[PDB]
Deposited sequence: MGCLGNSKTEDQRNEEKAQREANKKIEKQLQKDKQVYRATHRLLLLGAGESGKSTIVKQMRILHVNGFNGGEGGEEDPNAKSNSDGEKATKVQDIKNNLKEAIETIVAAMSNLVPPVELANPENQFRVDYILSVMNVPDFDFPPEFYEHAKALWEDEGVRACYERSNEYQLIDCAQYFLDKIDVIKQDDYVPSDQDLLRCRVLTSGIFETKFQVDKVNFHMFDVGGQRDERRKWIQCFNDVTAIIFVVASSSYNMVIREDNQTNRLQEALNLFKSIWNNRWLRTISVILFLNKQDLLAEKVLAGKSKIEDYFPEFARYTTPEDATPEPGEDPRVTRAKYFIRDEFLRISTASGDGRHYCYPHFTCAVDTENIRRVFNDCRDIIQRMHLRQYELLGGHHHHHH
């Protein structure tokens, strides 16, 4: 008995992180990955600093001393083989503690910044050591682009699974078709906390709006009329952090929210704030509203609140998925 699972969703929604979690839970190369973690660290710092002068209004440094470090960073930005001298980590760490640089980080939804930013910048001292050994949470946070189709095999209770990872960016979608045939189920991953951001491909179309469109385009596809989709509302942690902060309002992007109220059948996690519950469920209903409109009886949709970089959550959620595949004899 083998299950062919396919992972879909827009770019940077956390698909590759899910497959990684399968490796950790159900299935050496670390030294090869260190080079990648360092790139993310560099990429993150040079992006924040470069956007400070291009915002409206522009953000000003809290220390004129730092202007010199800023110049350094920009000077070594587009360098091919960067050897990462010990000065680089010092300069990086200094800027990261500057208020001007930090306030610019607050308004990061206005430009393009990787998700593992704050995580890597908070542990520069740890990464600078030449005897650095990447933890498992480090390997999960590390961001790298996917170009092509990758097959991952594994077993759970003597049961076989074949996971397929694909690139979510527009140009990498033309390859998806090569998996549509003979697929047990689809896993549509969405970035729940990306309601205030725009896609990299054009710097205009709303991230979540792109997620909704792509999902509707997948749900009503001509070659997937009998293929059930397991919906992963990923990035729940960042969503809460945003909702509670109160700076970026949801009803300022999606006006329909002002009319939405929490359902009676809602299951809030213990201690969870009403506001968080209401937001996380609002996004769920937006995706269900689309799936509910058609395909009656043929195939089904199963929502899930997810946080990919959380092995604990993933272990639980994938166990709920193994159930769906068996109950419905997929």
item: Gaps in the model (deposited sequence, numbered from 1); value: 1 to 38, 66 to 85, 389 to 402
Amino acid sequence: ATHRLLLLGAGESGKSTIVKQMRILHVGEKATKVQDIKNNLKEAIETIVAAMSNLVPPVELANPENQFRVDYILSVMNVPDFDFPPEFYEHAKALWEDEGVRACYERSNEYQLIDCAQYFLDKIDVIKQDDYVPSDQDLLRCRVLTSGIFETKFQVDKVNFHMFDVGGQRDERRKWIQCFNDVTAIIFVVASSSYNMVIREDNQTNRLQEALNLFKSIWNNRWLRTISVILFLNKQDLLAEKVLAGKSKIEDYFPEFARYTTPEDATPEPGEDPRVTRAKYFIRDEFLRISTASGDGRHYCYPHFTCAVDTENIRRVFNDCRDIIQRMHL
From here on, numbers count along this sequence of modelled residues.
item	value
Higher-B stretch (mean Cα B-factor, as the entry records it), 211 to 219 or 137 to 145	137 to 145
Higher-scoring stretch by recorded Cα B factor average, 274 to 282 or 59 to 67	59 to 67
Residue selected from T267, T47, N40, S291 by maximal Cα B factor	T267
Per the PDB entry, maximal CA B factor within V79, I187, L238, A103	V79
Cα B factor band for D252 (lowest, middle or highest third within the chain)	middle
Ranked C-alpha temperature factor of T311 among modelled chain residues, by third	middle
Record-listed C-alpha B factor of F150: chain third	highest
Assigned third (lowest, middle, highest) for the C-alpha B factor of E87	middle
Chain-wide C-alpha B factor ranking for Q21, given as lowest, middle or highest third	middle
